[PDB]
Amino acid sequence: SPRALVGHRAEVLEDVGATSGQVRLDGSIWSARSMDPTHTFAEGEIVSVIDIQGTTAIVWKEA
């Protein structure tokens, strides 16, 4: 069911990069990683959830 989260936007709470990050998604805090591990999304940025792996949101640029 975490699969229904794909396509949602999320707000970065702790900087999201290769191997750490946290976002606010449907009112909850989720772990997150960047889709491209060279790209960091800083706190306050809005990202798009493009995949979920277990309970980790994989995020990219909004849209």
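Numbers follow the displayed sequence, beginning with 1.
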- Could you say whether, by C-alpha temperature factor, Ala18 belongs to the lowest, middle or highest third of its chain? highest
- CA B-factor placement of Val59, once the chain's modelled residues are sorted into thirds: lowest
- Note on the structure: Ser34: CA temperature factor from the record, placed by chain third, in the middle
- Query: Of the three thirds of its chain by CA temperature factor, lowest, middle or highest, which one includes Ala10?
  - Reply: middle
